[PDB]
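Q: For reference, the file run.tsv (TSV, C-alpha atoms) is included below:
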```
chain	number	residue	atom	x	y	z
A	988	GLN	CA	130.60	122.23	78.73
A	989	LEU	CA	133.76	123.35	80.48
A	990	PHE	CA	133.51	122.89	84.25
A	991	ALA	CA	131.36	120.39	86.14
A	992	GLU	CA	131.58	121.41	89.80
A	993	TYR	CA	130.38	118.01	91.04
A	994	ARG	CA	132.79	116.04	88.85
A	995	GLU	CA	135.92	117.99	89.72
A	996	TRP	CA	139.03	117.78	91.86
A	997	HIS	CA	138.91	121.29	93.34
A	998	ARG	CA	135.36	121.89	94.53
A	999	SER	CA	133.76	125.02	95.94
A	1000	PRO	CA	134.86	124.82	99.65
A	1001	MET	CA	138.52	124.95	98.64
A	1002	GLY	CA	137.66	127.97	96.53
A	1003	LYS	CA	136.06	129.53	99.60
A	1004	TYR	CA	139.15	128.80	101.69
A	1005	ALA	CA	141.28	130.35	98.95
A	1006	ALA	CA	139.09	133.45	98.74
A	1007	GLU	CA	138.76	133.88	102.50
A	1008	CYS	CA	142.18	133.15	103.98
A	1009	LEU	CA	144.85	135.73	104.44
A	1010	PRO	CA	147.97	135.11	102.32
A	1011	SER	CA	150.48	133.77	104.82
A	1012	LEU	CA	152.91	130.94	105.46
A	1013	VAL	CA	150.31	129.15	107.55
A	1014	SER	CA	147.67	129.41	104.82
A	1015	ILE	CA	150.02	127.81	102.28
A	1016	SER	CA	150.62	125.08	104.86
A	1017	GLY	CA	146.87	124.63	105.27
A	1018	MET	CA	146.15	124.48	101.55
A	1019	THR	CA	148.82	121.82	101.19
A	1020	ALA	CA	147.26	120.03	104.13
A	1021	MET	CA	143.79	119.94	102.60
A	1022	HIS	CA	145.03	118.34	99.38
A	1023	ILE	CA	145.29	115.03	101.25
A	1024	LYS	CA	142.83	112.46	99.95
A	1025	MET	CA	140.24	110.47	101.88
A	1026	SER	CA	141.94	107.28	101.07
A	1027	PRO	CA	142.74	104.56	103.62
A	1028	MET	CA	146.41	105.07	102.82
A	1029	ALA	CA	145.90	108.73	103.67
A	1030	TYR	CA	144.38	107.64	106.97
A	1031	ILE	CA	147.40	105.39	107.57
A	1032	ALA	CA	149.92	108.08	106.65
A	1033	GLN	CA	148.06	110.54	108.86
A	1034	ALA	CA	148.04	108.12	111.78
A	1035	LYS	CA	151.81	107.73	111.56
A	1036	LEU	CA	152.42	111.49	111.80
B	495	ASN	CA	187.01	95.00	89.39
B	496	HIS	CA	188.18	98.27	87.83
B	497	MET	CA	188.90	101.72	89.24
B	498	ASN	CA	186.30	103.48	87.08
B	499	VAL	CA	183.63	105.04	89.27
B	500	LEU	CA	181.68	106.56	86.38
B	501	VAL	CA	180.48	103.29	84.84
B	502	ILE	CA	179.83	102.08	88.42
B	503	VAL	CA	177.37	104.96	88.72
B	504	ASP	CA	175.98	104.01	85.30
B	505	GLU	CA	175.77	100.23	85.71
B	506	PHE	CA	173.53	100.43	88.80
B	507	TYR	CA	170.62	102.63	87.69
B	508	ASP	CA	170.54	101.15	84.15
B	509	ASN	CA	166.77	101.55	83.93
B	510	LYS	CA	166.61	100.11	87.43
B	511	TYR	CA	163.12	98.76	88.06
B	512	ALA	CA	163.16	97.38	91.60
B	513	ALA	CA	164.13	99.88	94.31
B	514	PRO	CA	164.38	97.94	97.58
B	515	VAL	CA	164.85	100.03	100.71
B	516	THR	CA	166.81	98.96	103.77
B	517	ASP	CA	165.23	98.36	107.15
B	518	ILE	CA	167.24	101.09	108.88
B	519	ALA	CA	165.83	103.99	106.87
B	520	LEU	CA	162.33	102.54	107.20
B	521	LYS	CA	162.96	102.41	110.95
B	522	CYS	CA	164.14	105.98	111.35
B	523	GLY	CA	161.47	107.38	109.03
B	524	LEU	CA	158.50	106.60	111.28
B	525	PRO	CA	158.34	108.14	114.77
B	526	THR	CA	158.05	106.47	118.17
B	527	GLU	CA	154.25	106.62	118.39
B	528	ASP	CA	153.82	103.81	115.86
B	529	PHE	CA	157.14	101.99	116.19
B	530	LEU	CA	155.92	100.16	119.28
B	531	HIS	CA	152.60	99.37	117.62
B	532	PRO	CA	152.26	95.68	116.66
B	533	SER	CA	152.03	96.62	112.98
B	534	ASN	CA	155.79	97.29	113.16
B	535	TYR	CA	156.61	93.89	114.63
B	536	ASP	CA	159.17	92.97	111.97
B	537	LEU	CA	161.08	96.20	112.56
B	538	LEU	CA	160.74	95.71	116.31
B	539	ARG	CA	161.86	92.07	116.50
B	540	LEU	CA	165.23	92.94	114.94
B	541	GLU	CA	165.80	95.93	117.23
B	542	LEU	CA	167.10	94.07	120.26
B	543	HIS	CA	170.12	96.01	121.47
C	2	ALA	CA	184.65	100.95	80.40
C	3	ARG	CA	183.95	104.44	79.06
C	4	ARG	CA	184.43	108.12	79.83
C	5	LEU	CA	182.39	111.28	79.62
C	6	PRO	CA	181.45	112.43	76.11
C	7	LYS	CA	183.85	114.84	74.45
C	8	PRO	CA	183.04	118.56	74.73
C	9	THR	CA	182.13	120.80	71.79
C	10	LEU	CA	185.49	122.59	71.32
C	11	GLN	CA	184.80	124.16	67.94
C	12	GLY	CA	187.47	124.77	65.32
C	13	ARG	CA	191.11	123.88	64.81
C	14	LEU	CA	193.27	126.25	66.84
C	15	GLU	CA	196.60	125.78	65.07
C	16	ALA	CA	195.09	126.64	61.67
C	17	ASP	CA	194.02	130.13	62.71
C	18	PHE	CA	197.22	130.86	64.69
C	19	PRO	CA	200.06	128.92	63.02
C	20	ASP	CA	202.56	131.67	63.90
C	21	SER	CA	202.94	130.86	67.60
C	22	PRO	CA	206.22	129.14	68.63
C	23	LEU	CA	204.30	126.16	70.00
C	24	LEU	CA	203.70	124.87	66.46
C	25	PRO	CA	207.26	123.42	65.93
C	26	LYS	CA	206.80	121.45	69.15
C	27	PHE	CA	203.29	120.57	67.93
C	28	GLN	CA	204.01	119.30	64.41
C	29	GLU	CA	205.77	116.02	65.32
C	30	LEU	CA	202.71	113.88	66.14
C	31	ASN	CA	201.32	111.72	63.33
C	32	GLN	CA	198.67	109.08	62.76
C	33	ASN	CA	199.96	105.50	62.58
C	34	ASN	CA	197.23	102.93	61.81
C	35	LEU	CA	195.01	105.57	63.38
C	36	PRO	CA	191.92	107.36	62.02
C	37	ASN	CA	191.57	111.11	61.71
C	38	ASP	CA	189.23	111.57	64.67
C	39	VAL	CA	191.22	109.83	67.41
C	40	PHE	CA	194.37	111.46	66.03
C	41	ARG	CA	192.48	114.77	66.15
C	42	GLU	CA	191.62	114.26	69.81
C	43	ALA	CA	195.25	113.32	70.48
C	44	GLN	CA	196.23	116.53	68.67
C	45	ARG	CA	193.85	118.47	70.92
C	46	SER	CA	195.40	116.84	73.98
C	47	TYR	CA	198.92	117.59	72.75
C	48	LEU	CA	197.98	121.19	71.99
C	49	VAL	CA	196.46	121.78	75.41
C	50	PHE	CA	199.48	120.05	76.97
C	51	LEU	CA	201.90	122.33	75.11
C	52	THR	CA	199.91	125.47	75.93
C	53	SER	CA	199.72	124.50	79.61
C	54	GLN	CA	203.46	123.81	79.62
C	55	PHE	CA	204.08	127.16	77.92
C	56	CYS	CA	201.92	129.19	80.30
C	57	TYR	CA	203.63	127.39	83.18
C	58	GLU	CA	206.98	128.54	81.78
C	59	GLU	CA	205.71	132.09	81.34
C	60	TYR	CA	204.44	132.04	84.93
C	61	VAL	CA	207.70	130.67	86.35
C	62	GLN	CA	209.94	133.12	84.50
C	63	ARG	CA	207.86	136.13	85.53
C	64	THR	CA	207.54	135.03	89.18
C	65	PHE	CA	211.20	134.47	89.97
C	66	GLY	CA	211.19	138.07	91.08
C	67	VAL	CA	208.41	140.39	89.92
C	68	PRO	CA	210.61	143.42	90.62
C	69	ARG	CA	214.40	143.22	90.46
C	70	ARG	CA	217.41	145.04	91.85
C	71	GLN	CA	218.63	145.79	88.32
C	72	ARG	CA	215.69	148.08	87.50
C	73	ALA	CA	216.77	150.73	90.04
C	74	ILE	CA	219.07	152.71	87.73
C	75	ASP	CA	216.44	152.84	84.97
D	2	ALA	CA	131.41	129.68	64.84
D	3	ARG	CA	133.19	133.02	65.11
D	4	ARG	CA	136.44	134.58	66.27
D	5	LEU	CA	137.85	137.68	67.91
D	6	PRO	CA	137.39	141.11	66.33
D	7	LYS	CA	140.23	142.12	64.08
D	8	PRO	CA	142.50	144.82	65.56
D	9	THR	CA	143.08	148.32	64.17
D	10	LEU	CA	146.20	147.69	62.03
D	11	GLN	CA	146.04	150.83	59.92
D	12	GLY	CA	148.31	151.33	56.94
D	13	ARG	CA	149.45	149.47	53.84
D	14	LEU	CA	153.04	148.69	54.79
D	15	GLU	CA	154.38	147.27	51.52
D	16	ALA	CA	153.17	150.42	49.74
D	17	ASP	CA	154.49	152.77	52.42
D	18	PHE	CA	157.81	150.88	52.47
D	19	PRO	CA	158.76	149.89	48.91
D	20	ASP	CA	162.48	149.98	49.72
D	21	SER	CA	162.06	147.01	52.06
D	22	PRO	CA	163.13	143.53	50.88
D	23	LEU	CA	160.97	140.38	50.41
D	24	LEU	CA	158.39	142.27	48.30
D	25	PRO	CA	159.17	139.77	45.50
D	26	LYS	CA	157.81	137.04	47.77
D	27	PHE	CA	154.66	138.96	48.75
D	28	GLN	CA	152.97	139.66	45.41
D	29	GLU	CA	151.95	136.14	44.33
D	30	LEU	CA	148.55	136.07	46.03
D	31	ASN	CA	145.67	134.77	43.92
D	32	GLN	CA	142.38	136.68	44.15
D	33	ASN	CA	139.70	134.25	42.96
D	34	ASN	CA	136.91	136.85	43.36
D	35	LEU	CA	138.06	137.51	46.91
D	36	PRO	CA	136.50	140.69	48.34
D	37	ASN	CA	138.44	143.87	49.05
D	38	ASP	CA	139.44	143.34	52.73
D	39	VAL	CA	139.57	139.59	53.29
D	40	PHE	CA	142.22	139.63	50.58
D	41	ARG	CA	143.78	142.53	52.50
D	42	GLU	CA	143.77	140.58	55.75
D	43	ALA	CA	145.17	137.51	53.99
D	44	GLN	CA	147.86	139.87	52.69
D	45	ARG	CA	148.45	141.15	56.23
D	46	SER	CA	148.82	137.62	57.60
D	47	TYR	CA	151.17	136.69	54.77
D	48	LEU	CA	153.21	139.83	55.45
D	49	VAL	CA	153.62	139.09	59.14
D	50	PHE	CA	154.44	135.45	58.35
D	51	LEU	CA	157.11	136.57	55.89
D	52	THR	CA	158.72	139.10	58.22
D	53	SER	CA	158.56	136.51	61.02
D	54	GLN	CA	160.37	134.03	58.78
D	55	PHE	CA	162.92	136.67	57.77
D	56	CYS	CA	163.63	137.78	61.34
D	57	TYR	CA	163.89	134.11	62.35
D	58	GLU	CA	166.57	133.54	59.74
D	59	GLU	CA	168.39	136.73	60.72
D	60	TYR	CA	168.34	135.54	64.34
D	61	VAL	CA	169.65	132.11	63.36
D	62	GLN	CA	172.52	133.66	61.43
D	63	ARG	CA	173.16	136.03	64.33
D	64	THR	CA	173.44	133.11	66.74
D	65	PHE	CA	175.50	131.01	64.34
D	66	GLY	CA	177.94	133.91	64.40
D	67	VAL	CA	179.76	134.00	67.72
D	68	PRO	CA	182.96	136.15	67.44
D	69	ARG	CA	185.29	133.73	65.72
D	70	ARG	CA	189.04	133.29	65.60
D	71	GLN	CA	188.96	134.00	61.86
D	72	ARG	CA	187.74	137.55	62.44
D	73	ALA	CA	190.10	137.83	65.42
D	74	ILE	CA	193.08	138.28	63.07
D	75	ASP	CA	191.69	141.67	62.01
E	1136	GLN	CA	144.21	92.75	95.74
E	1137	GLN	CA	147.63	94.28	96.49
E	1138	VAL	CA	146.29	97.48	98.05
E	1139	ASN	CA	143.71	95.44	100.02
E	1140	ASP	CA	146.57	93.24	101.29
E	1141	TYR	CA	148.69	96.26	102.22
E	1142	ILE	CA	145.74	97.72	104.14
E	1143	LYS	CA	145.11	94.43	105.94
E	1144	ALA	CA	148.83	94.22	106.75
E	1145	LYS	CA	149.29	97.71	108.18
E	1146	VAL	CA	146.32	97.37	110.56
E	1147	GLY	CA	145.08	94.50	112.69
E	1148	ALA	CA	144.23	91.66	110.31
E	1178	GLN	CA	137.34	90.91	128.73
E	1179	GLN	CA	138.56	93.61	126.36
E	1180	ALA	CA	135.45	95.89	126.04
E	1181	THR	CA	135.29	96.22	122.26
E	1182	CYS	CA	134.38	99.71	121.09
E	1183	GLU	CA	132.90	100.80	117.79
E	1184	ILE	CA	133.55	104.18	116.16
```
Can you dump the structure from the file as structure tokens?

A:
Amino acid sequence: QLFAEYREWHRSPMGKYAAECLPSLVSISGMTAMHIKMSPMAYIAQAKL
Amino acid sequence: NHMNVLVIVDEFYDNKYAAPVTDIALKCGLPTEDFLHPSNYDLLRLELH
Amino acid sequence: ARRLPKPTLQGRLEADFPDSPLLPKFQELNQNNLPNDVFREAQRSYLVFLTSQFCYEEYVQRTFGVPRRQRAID
Amino acid sequence: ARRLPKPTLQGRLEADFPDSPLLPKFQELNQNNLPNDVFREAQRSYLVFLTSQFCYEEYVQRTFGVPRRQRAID
Amino acid sequence: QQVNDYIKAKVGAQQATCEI
């Protein structure tokens, strides 16, 4: 009644990446980088950079 | 008309809805890998010198 | 066509210290077709003007010479 | 359906401290056949609410009092 | 319609055409 893993923003692979990565600058950079959506605007903004 | 800069700061953002950006900042935002792409034709056709 | 809002500035300073010699040069201003609040802000401006003028005098008179040649004998 | 367990909270503070204030405000608790500890826990909650209210007012009078100019003449 | 139009504007709206 509290947490539907399918219908959720932060699914289980991001939890695995959180639990497995070493705490570093580059891991913070990665976890910001994986918050990008699969939207066509995200594809456009990723093509431009 | 008057030498009061404070109201000049106030009377511009007075719940300002439309925020139009200039072409120059939109030029220098994007890098060179997409500036020559034909999607950026309007920014390219006024960069002639 | 406006300014910043007025600061808090609690209390009336001349009421608690009426014994300072700035009061006789303070007590000449009066309201003339003027409400109590704008006259009060003018009083605040005149008070801070007189105190600034007075501390400028007390700076100038003490920094003519901070020692003196006259203090050698005593 | 339920709640947390109640903590230890030993002692009857208004009996052990009769010299404390606000004991006038505490006594008026109706006991309409209320059993011997649920009335005690209602009394405990009313006691902490009353001392919370009292310490809130003593804080608000301690922050209303900044060192004034009126006590500066002393 | 506006996001669809922005998408169609920021991309292209023998040559050996290649799929992906």

Q: So, with all atoms listed in the file as the atoms that count, which of B:536, B:501, B:525, B:512 lies closest to chain E?

A: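 The answer is B:536, which sits nearest to chain E.
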
Q: Closest to chain E among A:990, A:1036, A:1028, A:1015, using all atoms listed in the file?

A: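 Ranked by minimum distance to chain E, first place goes to A:1028.
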
Q: State, in Å with one decimal place, the distance from atom CA of residue 534 of chain B to atom CA of residue 1146 of chain E.

A: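 These atoms are spaced 9.8 Å apart.
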
Q: Do you have the atom CA of residue 20 of chain D-atom CA of residue 52 of chain D distance handy?

A: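 Value for the atom CA of residue 20 of chain D-atom CA of residue 52 of chain D distance: 14.3 Å.
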
Q: Superposing chain C on chain D by least squares with every Cα paired in order, what RMSD results?

A: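 It is 0.9 Å.
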
Q: Counting only C-alpha atoms, which residues of chain A come no farther than 10 Å from chain B, as an MDAnalysis selection string?

A: chainID A and resid 1032 1034:1036

Q: Give as JSON, numbers by chain each residue that has an atom at most 12 Å from (194.5, 124.1, 74.8) in the file, counting all atoms listed in the file.

A: {"C": [10, 11, 12, 13, 14, 15, 23, 27, 42, 43, 44, 45, 46, 47, 48, 49, 50, 51, 52, 53, 54, 55, 56]}

Q: One decimal, Å: what's the distance from atom CA of residue 37 of chain C over to atom CA of residue 2 of chain C, could you say?

A: 22.4 Å

Q: Once you count only C-alpha atoms, which residues of chain C turn out to be within 12 Å of chain B? Could you give them as a PyMOL selection string?

A: chain C and resi 2-6

Q: Within 10 Å of chain E, which residues of chain B show up when using only C-alpha atoms, listed as a PyMOL selection string?

A: chain B and resi 531-534

Q: Draw an axis-aligned box tight on the listed atoms of segment 513-531 of chain B, then pad every side by 6 Å and write out centre and edge lengths in Å to one decimal as AutoDock Vina command-line options.

A:
```
--center_x 159.9 --center_y 103.0 --center_z 106.8 --size_x 26.6 --size_y 22.2 --size_z 37.0
```
